[PDB]
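Engineer: Below is the file run04.cif, which contains mmCIF, N, CA and C atoms and all ligand atoms.
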data_run
#
loop_
_atom_site.label_atom_id
_atom_site.label_comp_id
_atom_site.auth_asym_id
_atom_site.auth_seq_id
_atom_site.Cartn_x
_atom_site.Cartn_y
_atom_site.Cartn_z
N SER A 9 -78.01 -68.81 32.08
CA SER A 9 -79.03 -69.07 31.03
C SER A 9 -80.01 -67.92 30.73
N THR A 10 -79.56 -66.67 30.82
CA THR A 10 -78.24 -66.29 31.33
C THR A 10 -78.51 -65.16 32.28
N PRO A 11 -77.60 -64.91 33.24
CA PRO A 11 -77.81 -63.77 34.11
C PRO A 11 -77.39 -62.47 33.41
N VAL A 12 -77.44 -61.35 34.14
CA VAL A 12 -76.99 -60.07 33.63
C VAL A 12 -75.76 -59.61 34.43
N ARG A 13 -74.64 -59.34 33.76
CA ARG A 13 -73.44 -58.85 34.44
C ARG A 13 -73.62 -57.35 34.51
N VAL A 14 -73.62 -56.80 35.72
CA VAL A 14 -73.88 -55.36 35.88
C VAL A 14 -72.62 -54.55 36.09
N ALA A 15 -71.63 -55.16 36.73
CA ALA A 15 -70.41 -54.46 37.10
C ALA A 15 -69.43 -55.43 37.74
N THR A 16 -68.20 -54.97 37.92
CA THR A 16 -67.19 -55.65 38.72
C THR A 16 -67.33 -55.14 40.17
N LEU A 17 -67.09 -56.02 41.14
CA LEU A 17 -67.31 -55.71 42.55
C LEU A 17 -66.66 -54.39 42.97
N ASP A 18 -65.41 -54.16 42.57
CA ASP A 18 -64.73 -52.96 43.05
C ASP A 18 -65.02 -51.72 42.21
N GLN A 19 -65.87 -51.86 41.19
CA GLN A 19 -66.42 -50.70 40.51
C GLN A 19 -67.53 -50.09 41.36
N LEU A 20 -68.01 -50.85 42.35
CA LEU A 20 -69.03 -50.37 43.28
C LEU A 20 -68.41 -49.92 44.59
N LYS A 21 -68.60 -48.65 44.92
CA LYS A 21 -68.21 -48.15 46.22
C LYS A 21 -69.09 -48.80 47.30
N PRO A 22 -68.47 -49.37 48.35
CA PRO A 22 -69.32 -49.98 49.34
C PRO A 22 -70.29 -48.94 49.90
N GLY A 23 -71.53 -49.37 50.11
CA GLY A 23 -72.55 -48.52 50.70
C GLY A 23 -73.14 -47.47 49.78
N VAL A 24 -72.70 -47.42 48.52
CA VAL A 24 -73.26 -46.49 47.54
C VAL A 24 -74.13 -47.27 46.52
N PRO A 25 -75.46 -47.09 46.60
CA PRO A 25 -76.40 -47.78 45.72
C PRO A 25 -76.35 -47.27 44.28
N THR A 26 -76.49 -48.18 43.32
CA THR A 26 -76.60 -47.79 41.92
C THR A 26 -77.74 -48.57 41.31
N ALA A 27 -78.15 -48.19 40.11
CA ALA A 27 -79.21 -48.89 39.42
C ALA A 27 -78.68 -49.36 38.07
N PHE A 28 -79.20 -50.51 37.64
CA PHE A 28 -78.84 -51.16 36.39
C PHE A 28 -80.09 -51.71 35.74
N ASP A 29 -80.08 -51.75 34.41
CA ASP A 29 -81.10 -52.47 33.66
C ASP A 29 -80.80 -53.96 33.68
N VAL A 30 -81.76 -54.74 34.17
CA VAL A 30 -81.63 -56.16 34.21
C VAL A 30 -82.80 -56.70 33.39
N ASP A 31 -82.58 -56.90 32.09
CA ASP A 31 -83.60 -57.49 31.22
C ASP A 31 -84.89 -56.68 31.20
N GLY A 32 -84.78 -55.37 31.10
CA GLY A 32 -85.95 -54.50 31.08
C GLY A 32 -86.37 -54.00 32.44
N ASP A 33 -85.93 -54.68 33.51
CA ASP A 33 -86.24 -54.23 34.89
C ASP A 33 -85.11 -53.43 35.51
N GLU A 34 -85.46 -52.33 36.17
CA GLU A 34 -84.46 -51.48 36.79
C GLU A 34 -84.20 -52.01 38.19
N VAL A 35 -82.92 -52.26 38.46
CA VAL A 35 -82.52 -52.95 39.69
C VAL A 35 -81.47 -52.17 40.47
N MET A 36 -81.77 -51.89 41.73
CA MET A 36 -80.83 -51.23 42.61
C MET A 36 -79.87 -52.27 43.15
N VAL A 37 -78.58 -51.99 43.02
CA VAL A 37 -77.53 -52.87 43.50
C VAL A 37 -76.69 -52.09 44.50
N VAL A 38 -76.37 -52.72 45.64
CA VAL A 38 -75.55 -52.09 46.66
C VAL A 38 -74.62 -53.11 47.34
N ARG A 39 -73.37 -52.70 47.53
CA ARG A 39 -72.37 -53.50 48.24
C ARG A 39 -72.38 -53.11 49.72
N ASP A 40 -72.30 -54.11 50.58
CA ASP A 40 -71.98 -53.91 51.98
C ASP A 40 -70.88 -54.93 52.32
N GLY A 41 -69.73 -54.46 52.81
CA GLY A 41 -68.59 -55.36 53.02
C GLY A 41 -68.28 -56.00 51.68
N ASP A 42 -68.23 -57.33 51.64
CA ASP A 42 -68.07 -58.03 50.37
C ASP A 42 -69.40 -58.59 49.85
N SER A 43 -70.49 -58.29 50.55
CA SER A 43 -71.80 -58.79 50.09
C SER A 43 -72.39 -57.81 49.10
N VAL A 44 -73.19 -58.34 48.17
CA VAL A 44 -73.89 -57.50 47.20
C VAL A 44 -75.37 -57.86 47.31
N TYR A 45 -76.22 -56.83 47.32
CA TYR A 45 -77.67 -57.01 47.41
C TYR A 45 -78.32 -56.33 46.23
N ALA A 46 -79.47 -56.85 45.81
CA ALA A 46 -80.16 -56.30 44.63
C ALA A 46 -81.66 -56.37 44.85
N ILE A 47 -82.35 -55.25 44.63
CA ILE A 47 -83.82 -55.22 44.71
C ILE A 47 -84.31 -54.33 43.59
N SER A 48 -85.61 -54.39 43.31
CA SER A 48 -86.19 -53.46 42.34
C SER A 48 -85.86 -52.02 42.74
N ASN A 49 -85.52 -51.21 41.75
CA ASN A 49 -85.17 -49.82 42.01
C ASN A 49 -86.40 -48.93 42.19
N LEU A 50 -87.57 -49.45 41.88
CA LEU A 50 -88.80 -48.66 41.98
C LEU A 50 -89.46 -48.86 43.30
N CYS A 51 -89.65 -47.77 44.03
CA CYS A 51 -90.33 -47.83 45.33
C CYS A 51 -91.76 -48.36 45.12
N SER A 52 -92.26 -49.19 46.05
CA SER A 52 -93.63 -49.69 45.92
C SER A 52 -94.69 -48.68 46.37
N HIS A 53 -94.27 -47.60 47.02
CA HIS A 53 -95.25 -46.68 47.56
C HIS A 53 -95.79 -45.73 46.46
N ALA A 54 -94.89 -45.14 45.69
CA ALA A 54 -95.25 -44.29 44.56
C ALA A 54 -94.06 -44.31 43.63
N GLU A 55 -94.12 -43.56 42.54
CA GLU A 55 -92.98 -43.55 41.66
C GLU A 55 -91.82 -42.83 42.31
N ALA A 56 -90.79 -43.59 42.68
CA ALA A 56 -89.51 -42.99 43.08
C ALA A 56 -88.40 -44.02 42.90
N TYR A 57 -87.16 -43.55 42.80
CA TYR A 57 -86.04 -44.39 42.42
C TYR A 57 -85.08 -44.56 43.59
N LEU A 58 -85.06 -45.78 44.13
CA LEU A 58 -84.41 -46.05 45.40
C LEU A 58 -82.90 -45.78 45.43
N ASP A 59 -82.20 -46.04 44.33
CA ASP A 59 -80.77 -45.77 44.27
C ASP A 59 -80.39 -44.29 44.51
N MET A 60 -81.36 -43.39 44.33
CA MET A 60 -81.15 -41.96 44.58
C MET A 60 -81.44 -41.58 46.04
N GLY A 61 -81.85 -42.57 46.84
CA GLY A 61 -82.07 -42.38 48.27
C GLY A 61 -80.82 -42.62 49.11
N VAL A 62 -81.01 -42.97 50.38
CA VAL A 62 -79.91 -43.10 51.34
C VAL A 62 -79.80 -44.55 51.80
N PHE A 63 -78.59 -45.12 51.69
CA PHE A 63 -78.36 -46.47 52.17
C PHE A 63 -77.84 -46.45 53.61
N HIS A 64 -78.46 -47.26 54.47
CA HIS A 64 -78.11 -47.38 55.86
C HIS A 64 -77.44 -48.72 56.07
N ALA A 65 -76.10 -48.71 56.05
CA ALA A 65 -75.33 -49.96 56.13
C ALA A 65 -75.59 -50.71 57.44
N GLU A 66 -75.80 -49.97 58.52
CA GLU A 66 -75.93 -50.59 59.86
C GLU A 66 -77.16 -51.47 59.95
N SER A 67 -78.23 -51.06 59.26
CA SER A 67 -79.50 -51.77 59.30
C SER A 67 -79.85 -52.45 57.96
N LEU A 68 -78.97 -52.31 56.95
CA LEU A 68 -79.16 -52.87 55.58
C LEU A 68 -80.50 -52.44 54.96
N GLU A 69 -80.80 -51.15 55.11
CA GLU A 69 -82.00 -50.54 54.56
C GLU A 69 -81.62 -49.50 53.54
N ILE A 70 -82.41 -49.45 52.48
CA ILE A 70 -82.38 -48.33 51.55
C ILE A 70 -83.59 -47.43 51.89
N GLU A 71 -83.35 -46.14 51.94
CA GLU A 71 -84.40 -45.19 52.29
C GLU A 71 -84.80 -44.43 51.03
N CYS A 72 -86.08 -44.48 50.69
CA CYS A 72 -86.59 -43.86 49.45
C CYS A 72 -86.34 -42.34 49.52
N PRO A 73 -85.87 -41.72 48.42
CA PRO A 73 -85.62 -40.28 48.49
C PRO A 73 -86.88 -39.39 48.56
N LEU A 74 -88.04 -39.96 48.24
CA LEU A 74 -89.21 -39.14 48.05
C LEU A 74 -90.03 -38.97 49.34
N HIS A 75 -90.46 -40.08 49.94
CA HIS A 75 -91.19 -39.99 51.22
C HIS A 75 -90.50 -40.78 52.33
N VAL A 76 -89.26 -41.16 52.07
CA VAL A 76 -88.36 -41.75 53.08
C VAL A 76 -88.90 -43.02 53.78
N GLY A 77 -89.77 -43.74 53.06
CA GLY A 77 -90.03 -45.14 53.39
C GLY A 77 -88.73 -45.92 53.31
N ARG A 78 -88.70 -47.14 53.85
CA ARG A 78 -87.49 -47.97 53.77
C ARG A 78 -87.77 -49.41 53.37
N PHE A 79 -86.78 -50.04 52.73
CA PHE A 79 -86.81 -51.48 52.43
C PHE A 79 -85.55 -52.16 52.95
N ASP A 80 -85.71 -53.42 53.33
CA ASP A 80 -84.59 -54.29 53.61
C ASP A 80 -83.99 -54.71 52.24
N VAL A 81 -82.72 -54.38 51.99
CA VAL A 81 -82.06 -54.74 50.72
C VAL A 81 -81.80 -56.23 50.54
N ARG A 82 -81.87 -56.99 51.63
CA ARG A 82 -81.69 -58.45 51.59
C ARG A 82 -82.91 -59.17 51.02
N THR A 83 -84.10 -58.59 51.20
CA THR A 83 -85.35 -59.31 50.93
C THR A 83 -86.38 -58.54 50.14
N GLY A 84 -86.21 -57.22 50.08
CA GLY A 84 -87.23 -56.34 49.48
C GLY A 84 -88.37 -56.00 50.44
N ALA A 85 -88.28 -56.44 51.70
CA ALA A 85 -89.36 -56.23 52.65
C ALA A 85 -89.44 -54.76 53.01
N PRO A 86 -90.67 -54.24 53.19
CA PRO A 86 -90.86 -52.86 53.62
C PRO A 86 -90.49 -52.79 55.10
N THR A 87 -89.75 -51.77 55.51
CA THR A 87 -89.30 -51.71 56.90
C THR A 87 -89.58 -50.34 57.55
N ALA A 88 -90.12 -49.38 56.79
CA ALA A 88 -90.55 -48.08 57.37
C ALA A 88 -91.64 -47.43 56.54
N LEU A 89 -92.65 -46.87 57.19
CA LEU A 89 -93.73 -46.17 56.50
C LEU A 89 -93.14 -44.99 55.73
N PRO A 90 -93.79 -44.59 54.62
CA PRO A 90 -95.04 -45.15 54.14
C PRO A 90 -94.96 -46.42 53.26
N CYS A 91 -93.80 -47.05 53.17
CA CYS A 91 -93.74 -48.31 52.43
C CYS A 91 -94.42 -49.39 53.24
N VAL A 92 -95.35 -50.09 52.59
CA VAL A 92 -96.13 -51.16 53.21
C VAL A 92 -96.14 -52.45 52.42
N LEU A 93 -95.71 -52.40 51.16
CA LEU A 93 -95.65 -53.59 50.33
C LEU A 93 -94.23 -53.82 49.87
N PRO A 94 -93.80 -55.09 49.82
CA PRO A 94 -92.43 -55.40 49.44
C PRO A 94 -92.16 -55.12 47.97
N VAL A 95 -90.89 -54.91 47.65
CA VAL A 95 -90.47 -54.90 46.25
C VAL A 95 -89.75 -56.20 45.94
N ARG A 96 -89.59 -56.50 44.65
CA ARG A 96 -88.89 -57.73 44.21
C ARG A 96 -87.42 -57.70 44.61
N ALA A 97 -86.94 -58.81 45.16
CA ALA A 97 -85.54 -59.04 45.44
C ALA A 97 -84.98 -59.87 44.30
N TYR A 98 -83.73 -59.61 43.93
CA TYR A 98 -83.11 -60.31 42.80
C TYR A 98 -81.94 -61.13 43.30
N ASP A 99 -81.77 -62.35 42.78
CA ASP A 99 -80.65 -63.18 43.21
C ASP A 99 -79.37 -62.67 42.58
N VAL A 100 -78.30 -62.66 43.37
CA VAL A 100 -77.02 -62.10 42.96
C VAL A 100 -75.94 -63.06 43.37
N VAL A 101 -74.99 -63.24 42.46
CA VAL A 101 -73.77 -63.99 42.70
C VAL A 101 -72.59 -63.09 42.27
N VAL A 102 -71.51 -63.09 43.05
CA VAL A 102 -70.23 -62.55 42.60
C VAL A 102 -69.35 -63.73 42.17
N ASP A 103 -68.92 -63.73 40.91
CA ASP A 103 -68.13 -64.82 40.37
C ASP A 103 -66.91 -64.21 39.70
N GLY A 104 -65.71 -64.54 40.20
CA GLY A 104 -64.49 -63.96 39.66
C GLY A 104 -64.54 -62.44 39.54
N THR A 105 -64.97 -61.78 40.62
CA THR A 105 -65.15 -60.31 40.68
C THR A 105 -66.31 -59.72 39.86
N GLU A 106 -67.02 -60.52 39.11
CA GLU A 106 -68.14 -60.01 38.30
C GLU A 106 -69.46 -60.15 39.05
N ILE A 107 -70.23 -59.07 39.07
CA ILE A 107 -71.51 -59.10 39.75
C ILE A 107 -72.59 -59.54 38.77
N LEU A 108 -73.18 -60.69 39.05
CA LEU A 108 -74.19 -61.27 38.15
C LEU A 108 -75.56 -61.29 38.83
N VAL A 109 -76.57 -60.80 38.13
CA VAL A 109 -77.95 -60.70 38.64
C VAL A 109 -78.88 -61.60 37.81
N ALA A 110 -79.62 -62.47 38.47
CA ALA A 110 -80.60 -63.30 37.77
C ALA A 110 -81.81 -62.46 37.38
N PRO A 111 -82.22 -62.50 36.11
CA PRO A 111 -83.37 -61.70 35.66
C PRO A 111 -84.68 -62.26 36.21
N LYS A 112 -85.69 -61.40 36.26
CA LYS A 112 -87.05 -61.74 36.69
C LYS A 112 -87.55 -63.01 36.01
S1 LIG B 1 -92.35 -43.13 46.76
FE1 LIG B 1 -91.00 -44.16 48.11
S2 LIG B 1 -91.82 -43.73 50.18
FE2 LIG B 1 -93.24 -42.72 48.74
#
Could you render the structure as structure tokens?

Structural biologist:
Amino acid sequence: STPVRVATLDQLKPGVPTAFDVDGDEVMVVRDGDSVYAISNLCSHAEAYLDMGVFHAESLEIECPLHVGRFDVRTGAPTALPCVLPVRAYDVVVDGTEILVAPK
């Protein structure tokens, strides 16, 4: 009603974060195994774009490229300084190989 289709699951390399426009909001999407996670692409610490940082599959953290703060991709929770405030997490469903993200 309606979500945003960003990509097909296998168009995403596992562990490689990308960003998509979801109804005006920029959203970082990343595959781990067969799971897909989505959070705001904008770091809460200062202006930086999380998809251009480093994804840590073992801990499910995205590391900001600018001051290397971290967020949990499952929840948007800040998990390493200097990030101290969470970013928005987006609900994601994979349906028939299509990755669908619920808009804000
Ligand atoms: S802008 Fe992301 S840690 Fe500073």

Engineer: Find, counting only C-alpha atoms and all ligand atoms, the residue in A:22, A:41, A:32, A:86 that gets nearest to ligand LIG 1 (chain B).

Structural biologist: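 Of A:22, A:41, A:32, A:86, the one nearest ligand LIG 1 (chain B), counting only C-alpha atoms and all ligand atoms, is A:86.
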
Engineer: List all protein, DNA and RNA residues that have any atom at most 6.5 Å from ligand LIG 1 (chain B), counting all atoms listed in the file, and write the list as a ChimeraX atom specification.

Structural biologist: /A:51-56,72-78,89-91

Engineer: Given the point (-72.8, -62.8, 43.6) in the coordinates of this file, which residues lie within 12 Å, counting only C-alpha atoms, and how would they look as an MDAnalysis selection string?

Structural biologist: chainID A and resid 11:17 37:39 42:46 98:110

Engineer: Just to confirm, what's the straight-line distance from CA of residue 48 in chain A to atom N of residue 96 in chain A in Å (one decimal)?

Structural biologist: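 Atom-to-atom, CA of residue 48 in chain A and atom N of residue 96 in chain A are spaced 5.1 Å apart.
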
Engineer: Would you please work out which residue, of A:84, A:58, A:92, A:40, is nearest to residue 71 in chain A when using all atoms listed in the file?

Structural biologist: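 Of the candidates, the smallest distance to residue 71 in chain A is held by A:58.
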
Engineer: Could you give me the residues within range 16-99 of chain A that DSSP places in strand (DSSP E or B), as a ChimeraX atom specification?

Structural biologist: /A:16,26-30,33-40,43-48,50,57,62-64,69-71,78-80,86-88,97

Engineer: Keeping only N, CA and C atoms, write the selected residues as an mmCIF file, in the coordinates of the input.

Structural biologist:
data_model
loop_
_atom_site.group_PDB
_atom_site.id
_atom_site.type_symbol
_atom_site.label_atom_id
_atom_site.label_comp_id
_atom_site.auth_asym_id
_atom_site.auth_seq_id
_atom_site.Cartn_x
_atom_site.Cartn_y
_atom_site.Cartn_z
ATOM 1 N N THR A 16 -68.200 -54.970 37.920
ATOM 2 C CA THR A 16 -67.190 -55.650 38.720
ATOM 3 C C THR A 16 -67.330 -55.140 40.170
ATOM 4 N N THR A 26 -76.490 -48.180 43.320
ATOM 5 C CA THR A 26 -76.600 -47.790 41.920
ATOM 6 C C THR A 26 -77.740 -48.570 41.310
ATOM 7 N N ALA A 27 -78.150 -48.190 40.110
ATOM 8 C CA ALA A 27 -79.210 -48.890 39.420
ATOM 9 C C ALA A 27 -78.680 -49.360 38.070
ATOM 10 N N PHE A 28 -79.200 -50.510 37.640
ATOM 11 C CA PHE A 28 -78.840 -51.160 36.390
ATOM 12 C C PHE A 28 -80.090 -51.710 35.740
ATOM 13 N N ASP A 29 -80.080 -51.750 34.410
ATOM 14 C CA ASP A 29 -81.100 -52.470 33.660
ATOM 15 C C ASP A 29 -80.800 -53.960 33.680
ATOM 16 N N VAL A 30 -81.760 -54.740 34.170
ATOM 17 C CA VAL A 30 -81.630 -56.160 34.210
ATOM 18 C C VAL A 30 -82.800 -56.700 33.390
ATOM 19 N N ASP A 33 -85.930 -54.680 33.510
ATOM 20 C CA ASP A 33 -86.240 -54.230 34.890
ATOM 21 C C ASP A 33 -85.110 -53.430 35.510
ATOM 22 N N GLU A 34 -85.460 -52.330 36.170
ATOM 23 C CA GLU A 34 -84.460 -51.480 36.790
ATOM 24 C C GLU A 34 -84.200 -52.010 38.190
ATOM 25 N N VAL A 35 -82.920 -52.260 38.460
ATOM 26 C CA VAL A 35 -82.520 -52.950 39.690
ATOM 27 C C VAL A 35 -81.470 -52.170 40.470
ATOM 28 N N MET A 36 -81.770 -51.890 41.730
ATOM 29 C CA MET A 36 -80.830 -51.230 42.610
ATOM 30 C C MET A 36 -79.870 -52.270 43.150
ATOM 31 N N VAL A 37 -78.580 -51.990 43.020
ATOM 32 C CA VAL A 37 -77.530 -52.870 43.500
ATOM 33 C C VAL A 37 -76.690 -52.090 44.500
ATOM 34 N N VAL A 38 -76.370 -52.720 45.640
ATOM 35 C CA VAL A 38 -75.550 -52.090 46.660
ATOM 36 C C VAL A 38 -74.620 -53.110 47.340
ATOM 37 N N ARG A 39 -73.370 -52.700 47.530
ATOM 38 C CA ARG A 39 -72.370 -53.500 48.240
ATOM 39 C C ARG A 39 -72.380 -53.110 49.720
ATOM 40 N N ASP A 40 -72.300 -54.110 50.580
ATOM 41 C CA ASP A 40 -71.980 -53.910 51.980
ATOM 42 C C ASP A 40 -70.880 -54.930 52.320
ATOM 43 N N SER A 43 -70.490 -58.290 50.550
ATOM 44 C CA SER A 43 -71.800 -58.790 50.090
ATOM 45 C C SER A 43 -72.390 -57.810 49.100
ATOM 46 N N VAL A 44 -73.190 -58.340 48.170
ATOM 47 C CA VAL A 44 -73.890 -57.500 47.200
ATOM 48 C C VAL A 44 -75.370 -57.860 47.310
ATOM 49 N N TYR A 45 -76.220 -56.830 47.320
ATOM 50 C CA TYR A 45 -77.670 -57.010 47.410
ATOM 51 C C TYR A 45 -78.320 -56.330 46.230
ATOM 52 N N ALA A 46 -79.470 -56.850 45.810
ATOM 53 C CA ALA A 46 -80.160 -56.300 44.630
ATOM 54 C C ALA A 46 -81.660 -56.370 44.850
ATOM 55 N N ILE A 47 -82.350 -55.250 44.630
ATOM 56 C CA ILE A 47 -83.820 -55.220 44.710
ATOM 57 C C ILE A 47 -84.310 -54.330 43.590
ATOM 58 N N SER A 48 -85.610 -54.390 43.310
ATOM 59 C CA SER A 48 -86.190 -53.460 42.340
ATOM 60 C C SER A 48 -85.860 -52.020 42.740
ATOM 61 N N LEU A 50 -87.570 -49.450 41.880
ATOM 62 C CA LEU A 50 -88.800 -48.660 41.980
ATOM 63 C C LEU A 50 -89.460 -48.860 43.300
ATOM 64 N N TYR A 57 -87.160 -43.550 42.800
ATOM 65 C CA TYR A 57 -86.040 -44.390 42.420
ATOM 66 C C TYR A 57 -85.080 -44.560 43.590
ATOM 67 N N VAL A 62 -81.010 -42.970 50.380
ATOM 68 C CA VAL A 62 -79.910 -43.100 51.340
ATOM 69 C C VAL A 62 -79.800 -44.550 51.800
ATOM 70 N N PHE A 63 -78.590 -45.120 51.690
ATOM 71 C CA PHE A 63 -78.360 -46.470 52.170
ATOM 72 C C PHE A 63 -77.840 -46.450 53.610
ATOM 73 N N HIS A 64 -78.460 -47.260 54.470
ATOM 74 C CA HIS A 64 -78.110 -47.380 55.860
ATOM 75 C C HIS A 64 -77.440 -48.720 56.070
ATOM 76 N N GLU A 69 -80.800 -51.150 55.110
ATOM 77 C CA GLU A 69 -82.000 -50.540 54.560
ATOM 78 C C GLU A 69 -81.620 -49.500 53.540
ATOM 79 N N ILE A 70 -82.410 -49.450 52.480
ATOM 80 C CA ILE A 70 -82.380 -48.330 51.550
ATOM 81 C C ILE A 70 -83.590 -47.430 51.890
ATOM 82 N N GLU A 71 -83.350 -46.140 51.940
ATOM 83 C CA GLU A 71 -84.400 -45.190 52.290
ATOM 84 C C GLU A 71 -84.800 -44.430 51.030
ATOM 85 N N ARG A 78 -88.700 -47.140 53.850
ATOM 86 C CA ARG A 78 -87.490 -47.970 53.770
ATOM 87 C C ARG A 78 -87.770 -49.410 53.370
ATOM 88 N N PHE A 79 -86.780 -50.040 52.730
ATOM 89 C CA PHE A 79 -86.810 -51.480 52.430
ATOM 90 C C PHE A 79 -85.550 -52.160 52.950
ATOM 91 N N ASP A 80 -85.710 -53.420 53.330
ATOM 92 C CA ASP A 80 -84.590 -54.290 53.610
ATOM 93 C C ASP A 80 -83.990 -54.710 52.240
ATOM 94 N N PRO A 86 -90.670 -54.240 53.190
ATOM 95 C CA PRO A 86 -90.860 -52.860 53.620
ATOM 96 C C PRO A 86 -90.490 -52.790 55.100
ATOM 97 N N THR A 87 -89.750 -51.770 55.510
ATOM 98 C CA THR A 87 -89.300 -51.710 56.900
ATOM 99 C C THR A 87 -89.580 -50.340 57.550
ATOM 100 N N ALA A 88 -90.120 -49.380 56.790
ATOM 101 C CA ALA A 88 -90.550 -48.080 57.370
ATOM 102 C C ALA A 88 -91.640 -47.430 56.540
ATOM 103 N N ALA A 97 -86.940 -58.810 45.160
ATOM 104 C CA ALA A 97 -85.540 -59.040 45.440
ATOM 105 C C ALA A 97 -84.980 -59.870 44.300
#

Engineer: As lines of an AutoDock Vina configuration file, what would the box around range 53-62 of chain A look like: edges along x, y and z, 3 Å added on every side, centre and edge lengths in Å to one decimal?

Structural biologist:
center_x = -87.8
center_y = -44.6
center_z = 46.7
size_x = 22.0
size_y = 12.0
size_z = 16.1

Engineer: Using atom N of residue 35 in chain A and CA of residue 50 in chain A as the two end points, give the distance in Å to one decimal.

Structural biologist: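 Interatomic distance, atom N of residue 35 in chain A to CA of residue 50 in chain A: 7.7 Å.
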
Engineer: Using Å and a single decimal, report how far CA of residue 10 in chain A sits from CA of residue 85 in chain A.

Structural biologist: 26.1 Å

Engineer: Would you please give, as an NGL selection string, all residues of chain A that DSSP assigns to helix (DSSP H, G or I) based on the backbone?

Structural biologist: :A and (17-19 or 58-60)
